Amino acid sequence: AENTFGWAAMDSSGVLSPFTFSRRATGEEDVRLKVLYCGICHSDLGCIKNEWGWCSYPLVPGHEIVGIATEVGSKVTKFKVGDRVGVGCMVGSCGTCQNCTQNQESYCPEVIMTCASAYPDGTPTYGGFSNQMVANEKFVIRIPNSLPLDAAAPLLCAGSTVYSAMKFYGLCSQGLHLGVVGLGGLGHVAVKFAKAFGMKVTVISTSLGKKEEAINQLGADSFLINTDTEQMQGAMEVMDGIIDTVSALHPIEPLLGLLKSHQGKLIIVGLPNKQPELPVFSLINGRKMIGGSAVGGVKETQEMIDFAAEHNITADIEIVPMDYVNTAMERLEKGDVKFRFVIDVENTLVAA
């Protein structure tokens, strides 16, 4: 309870305040980094307000971490002091599963999340709303020189997720017609990756005063209003797949109507509070599918970030200081951001 400082929630109220704690010494396989930036994710919002009821306190959120290695263990092969490194959703895993062994490490039942979790021996994991971070080399990402740290930080989670989903479900080929539902953090990262894979992108939305970022800033080929039951119906059976990034309850059936029969896939990556109805009749009669995806494993996250570098993909961010974080959270509940918050941890997190 000393050698590291950050901000933490104590309550399901999710209100965050200064908090001091200790990180482990750097083991033979560990990298320590000074945290320079930490993205804010809807997962952090859910965790601090204990949306799903598992979370215990004090809770230091943050899992979109970028920084500079300050210390490497002797057994470390990938990294040296000074490297630009990242840490995403995970800091640990089983190490011996079927999942852990074929780089699907986001599915060992003993996965150790970067924030709001604990190791086997009971010690709680504190995320990147803090001045420094320690992680096994195995969960550390190299940030390419040609991407800025602040705008790469959110790729560690939003980017890994959309890329892993597009790869896994076979929606990463030129010409394919991809729909993206929601135009928040994930939504805009999804559009950038889809355009870089060569797919025609239609954004599906509820905010018509966002068409303009969708078409012009983000470069999407088409724009649809969720409820515009007349334009939607003109877009029926058109799309090879849809990535749904909305973390709010919303109707699934109209999205299914946009999908190609005996082909189209609705891939869900936003996790809401309540669950919608399963459109059994549409799935059966159109021979359509719904699959879910979460963040990809560490190799796939490295591959994602190298792909983003090759294609100059960056998240569209708003830099904020640490003591704005509570306001930032309130703004996330509203979608009021373009598109992702990033905390400037180095310049604005200070010791109490």
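Note that residue numbering follows the sequence shown and begins at 1.
Between 178 to 186 and 109 to 117, it is 109 to 117 that carries the larger average Cα temperature factor according to the deposited entry. Taking only CA atoms, the mean B-factor in the PDB entry is higher for 47 to 55 than for the other of 25 to 33 and 47 to 55.
Based on the entry's C-alpha B-factors, the most elevated value among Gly88, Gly198, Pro124, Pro144 belongs to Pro124. Sorting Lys167, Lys80, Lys211, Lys260 by the CA temperature factor given in the entry leaves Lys211 at the top. Placement of the Cα temperature factor of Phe341 within the chain: middle third of the modelled residues, per the deposited record. The deposited CA B-factor of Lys192 belongs to the lowest third of values across its chain. In the deposited entry, the Cα temperature factor of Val246 sits in the middle third of values across the chain's modelled residues.
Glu277 sits in the lowest third of its chain by CA B factor, as recorded in the PDB entry. Among all modelled residues in this chain, the alpha-carbon of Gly270 has a temperature factor (C-alpha) in the middle third.
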